[PDB]
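**Q** This one is an experimental structure. Sequence first:
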Amino acid sequence: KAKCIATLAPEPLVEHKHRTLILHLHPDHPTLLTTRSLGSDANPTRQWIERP
Amino acid sequence: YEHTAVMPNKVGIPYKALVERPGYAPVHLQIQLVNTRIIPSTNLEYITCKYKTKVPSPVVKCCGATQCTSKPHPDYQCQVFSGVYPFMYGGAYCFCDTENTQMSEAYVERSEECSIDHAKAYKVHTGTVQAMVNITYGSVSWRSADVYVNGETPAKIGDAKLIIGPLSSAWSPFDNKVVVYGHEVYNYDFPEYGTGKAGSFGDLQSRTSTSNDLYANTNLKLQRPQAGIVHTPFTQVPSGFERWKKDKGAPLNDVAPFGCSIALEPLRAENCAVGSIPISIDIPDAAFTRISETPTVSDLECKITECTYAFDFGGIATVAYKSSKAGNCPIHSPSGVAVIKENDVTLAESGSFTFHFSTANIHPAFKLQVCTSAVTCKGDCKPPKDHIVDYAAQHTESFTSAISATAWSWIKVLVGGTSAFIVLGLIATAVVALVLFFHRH
Ligand SMILES: *[C@@H]1O[C@H](CO)[C@@H](O)[C@H](O)[C@H]1NC(C)=O
């Protein structure tokens, strides 16, 4: 077991709307985006973002 | 003095209450959970990892024949290939053209990586629930200790004895079977030991990473060596562990409801905001001061100067008062209509003080307790400007919290008019019925 340096994707641009979160993702490499609700239904989302 | 109440199972949101001991001035009590950990009991079923194919030197019998024998090795394969004429660097190995046999042997072993790169399959059963509780009361600074959320085991926190009731919800994010790989936990109904299929998760199963009995189920099949070459070719189904690592999917860390955070040492689900937690705290008798020894507050008048029903402490209020024996006096709002930011204020013989509060009601109306006295605060609150915030709501929203005075007026007009229409029709019917009766009589 060793410690490896992993890439850190660019910080997303975040725009806010009524009950809506808008993220503008500009990855350098295929970057995994995951989300989940904090309620009784996680409603998870998982997708790889390869381009803006 | 024992104070009993019920607090919501929220982390980072402090619970505030006034401990009212008859004959003594109220003592402000604040209980905040630092973390909540559901620690289930787990039994390691087996360890899965990438297999290694060990292939001993083939027995090349020249001008003769050999026979394979069974051996206690995982997925052991042995086959005698007759009619080989192998060549080495020094020329033809065997003399006879076809009366020669090569006996190939192969068996499966745990790879070196299996010591570090392996998945642990666990059976999960109901375990225990623990929490870290942060408590402050009166003039005693914040103190914390680990407690058991079972309603039985008491904990001593800053001379106060705390008993935390069991969670009202027995919900747990772990199923009866979980797979732990690295830092991630997966809800996976792994195959029973000895049942793993080739090329699947359980292709290689071992009761422990250091056991001497390994289950291996791969289509390890020895192929005939190429003409004239001394080697042991074989075909095998690619490791089902590597495949799994490709197709693991979303881990429990990313799909657990209620915002649970999964940790592995020990396996647990942290900060699950499920249900509520009964509590009972015995405050030391030395923390209470007699009523006659504390300031008397009267002529309270509460004015809301600004309010927005934001998740933060968007409300601001100013309270005018008259008192005596200038000194500290706790502030608390017993109803859920508003959450008060300040815990206590300094009162002079006369003047006013301000406090901040968070409320979800468009027209908040809440009682404010000023030690031995109380006042009613009323006002109007504006909508919040920020659509999204990075902090949880301090207040609690009720069914009628959003109904404005105008909405109530329209509901009253609707119900009153509708009812009046039916009532008037029924009264007219009764009157005409009586008139007809008098007509006959
Ligand atoms: C308890 O709360 C106080 C104030 O919020 C803080 O200073 C203290 O560090 C907390 N205790 C722990 C264990 O975090």
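**A** Cool, the structure landed. Numbers count the residues shown, from 1 in each chain, chains lettered A, B, ... in the order given.
**Q** Tell me how many other residues surround residue B:208.
**A** Neighbours of residue B:208 under the rule other Cβ atoms under 10 Å in any protein chain shown: 11. For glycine as for every other residue, the C-beta is placed from the backbone atoms N, C-alpha and C.
**Q** Tell me the backbone dihedrals of the nearest residue to it once chain neighbours are set aside, please.
**A** Using Cβ to Cβ, 6 or more residues apart in numbering or on different chains and skipping the chain neighbours, the partner closest in space to residue B:208 is residue B:47 (6.2 Å). Phi and psi for residue B:47, reported as degrees, to the nearest 10, are phi -120, psi 130.
**Q** what is residue B:47 paired to in the beta sheet?
**A** residue B:120, residue B:206 (DSSP bridges).
**Q** who touches it in this structure?
**A** Neighbour list for residue B:47: B:114, B:118-121, B:205-209 [criterion: Cβ atoms under 8 Å, 6 or more residues apart in numbering or on different chains].
**Q** of the residues you listed, buried ones?
**A** B:114, B:118-121, B:205-206 (16 or more other Cβ atoms under 10 Å in any protein chain shown).
**Q** export those residues to JSON lines and tack on distance to residue B:17?
**A** Below are the buried ones among the contacts of residue B:47 laid out as JSON lines (distance: Cβ to Cβ, whole Å):
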{"residue": "B:114", "distance to residue B:17": "54"}
{"residue": "B:118", "distance to residue B:17": "49"}
{"residue": "B:119", "distance to residue B:17": "47"}
{"residue": "B:120", "distance to residue B:17": "44"}
{"residue": "B:121", "distance to residue B:17": "45"}
{"residue": "B:205", "distance to residue B:17": "54"}
{"residue": "B:206", "distance to residue B:17": "54"}
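**Q** Taking these together, which two end up most distant?
**A** B:114 and B:121 (13.9 Å; Cβ to Cβ).
**Q** can you tell me how far residue B:24 sits from the ligand?
**A** As judged by Cβ to the nearest ligand atom, to the nearest Å, residue B:24 and the ligand stand 25 Å apart.
**Q** is any part of stretch B:127-139 close to the ligand?
**A** Yes: looking at stretch B:127-139 against the ligand by Cβ under 6 Å from any ligand atom, the contacts come from residue B:134.
**Q** What are the buried residues along that stretch?
**A** Buried, per 16+ other Cβ under 10 Å, within stretch B:127-139: B:127, B:129-131, B:133-138.
**Q** Return the set of residues that bridge with the residue nearest the centre of chain A.
**A** Nearest to the geometric centre of chain A sits residue A:33, at 3.2 Å (Cα atoms, centre = their mean). Legend: beta-bridge partners of residue A:33 under DSSP bridges are residue A:47.
**Q** which element is whichever residue of chain A sits closest to the ligand on?
**A** Minimum separation of chain A from the ligand (Cβ to the nearest ligand atom) falls at residue A:38, amounting to 21.8 Å. Using DSSP states H and E, residue A:38 falls within no helix or strand.
**Q** Quick check: phi and psi at the closest residue to it other than its chain neighbours.
**A** Leaving out its chain neighbours, the residue that sits closest to residue A:38 by Cβ to Cβ, 6+ apart is residue B:259, at 4.1 Å. Backbone torsions for residue B:259, taken as degrees, to the nearest 10, come to phi 70, psi 20.
**Q** what about residue 18, neighbour count?
**A** You didn't say which chain, so I picked chain A. 6.
**Q** that's the other chain; I wanted chain B
**A** 17.
**Q** Please name every helix or strand in contact with the helix or strand hosting it.
**A** Take DSSP H and E as the rule and residue B:18 turns out to sit in strand B:15-19. Other elements packing on strand B:15-19 under the criterion 3 or more Cβ pairs under 8 Å, 6 or more residues apart in numbering or on different chains; DSSP states H and E are strand B:2-8, strand B:27-49, strand B:327-332.
**Q** Tell me if it is near the ligand.
**A** No: Strand B:15-19 lies out of reach of the ligand by Cβ under 6 Å from any ligand atom, never closer than 12.5 Å.
**Q** Need the CA coordinates for that strand. PDB is fine.
**A** Below are the C-alpha coordinates for strand B:15-19, written out as PDB (Å, rounded to 0.1, in the frame of the first residue of the first chain):
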ATOM      1  CA  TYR B  15     -31.100  21.200  21.000                       C
ATOM      2  CA  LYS B  16     -32.000  23.900  23.400                       C
ATOM      3  CA  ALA B  17     -34.300  23.800  26.400                       C
ATOM      4  CA  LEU B  18     -34.800  25.300  29.900                       C
ATOM      5  CA  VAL B  19     -34.500  23.000  32.900                       C
END
